[PDB]
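For reference, the chain that follows is the form deposited in one PDB entry, supplied as C-alpha cells.
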C-alpha cells in the first residue's frame, strides 16, 4: 500500500564552514548551497525559517542516494567562505556540478527543486541517431533547442559544442548527431549547428561554421528570449526577470483544455507573424503547472483562469490590463490579439 516521501526528521543539511567546505565539495557530484541571512530574533521569524528548512531537508533526503548534497551558508558566520565561493545574493540557492555554478531561479518547493537537481545531474548533450528519434526531436518545441552535426565525440568542434552546452545547463537543451542521414534530413552540413527558437519549426543556422565555444555562446545569449516562451517552475524567476523594462505580456492557457490549446495555437501564430519583431515577448503560463498560484493570480488580476487570458503587466507601476473575452464567443484571432496588444502598448483608456 504505497505512500509518498515525507521528511523523516533526520537533518541532512550540512552546516558549512571554513574547515569542512573543501571536503563537502569533494564528497558530492552535485552540491546545493543555501546562502541565507540569519532569521530575525522574533519567534515568528524563527518559525518561518524552520518551516522553510523542510523544503531542502526533504530534497536532501530524496536525493541522498543520487550523490547530491545540501549545505547551509550563513551570510555572517560563514562570510569568509561565501566570499571565496562567489555567493553574493542573499537568500538564494547555488548549485555546483564539477566546474559549473548555477544560481537557482526556480520555484522554492521540494518537488521543483528535486526536478531541477535531477536535470542538473543529466549529461548536457543528448545524441540523436536514426529517423525515429529525429521525428521525436521535431515534435519537441516548448523550448529553445540547438542541434549540431559532427564527425564524432572526439571532434574538436563537438567538444566546443559540449563546452557551450555545459554553460547553459540545464536550461537550454543541446543535441548532437554523428549520423549523416539525420544530418541530411535536417539539412546540416558537417560542424553546422541549427538553433530552434521555442515554438518555431524553422531553425536559424549559427553563422561562420565551424563554431567555437565563443561563437555558440554569443549566439545563444543574443537569441535567448523567444518571441513566445513557456513559464516553467524550475526557471520561473529567471524567465520573469530578464526583461528590460518591467513590462510583460502574459498569456494564461491550459494546454490540456480545448479552449486553452486553441489559444496556444493562436499565440504561436502571433509569434510566427512576428519573426522580425525582436521586441515582442509573450510569456505563456499554464495554470495547471502552478495550481498554488491560481487563486492569487485570479484575485490580483481579476480574471477567471478557467478560461484563456492575455494581459499586460507593468511591474513598476504595479498594475495590469487584461483583454476582455466573451464566453459566448470564439476566442480572438491572432490578428485581433496583435491589434489589442498594440493598442495597450501604445497607450489608452479613459471612461465615463
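Take the two forms, superpose them, and find the largest set of C-alpha atoms that agree within 1.5 Å; that set is the rigid core. Positions refer to the first chain, counted from 1.
The form deposited in another entry is left out here; the points below concern that form.
Among the candidates 300, 306, 45, 314, the CA atom that moves 2 angstroms or more between this form and the one not shown after core superposition belongs to 45 alone. Taking the rigid core as fixed, one finds a CA shift for residue 259 smaller than 2 Å between this form and the one not shown. Once both forms are fitted on their rigid core, the CA atom of residue 132 lies 2 Å or more apart between this form and the one not shown.
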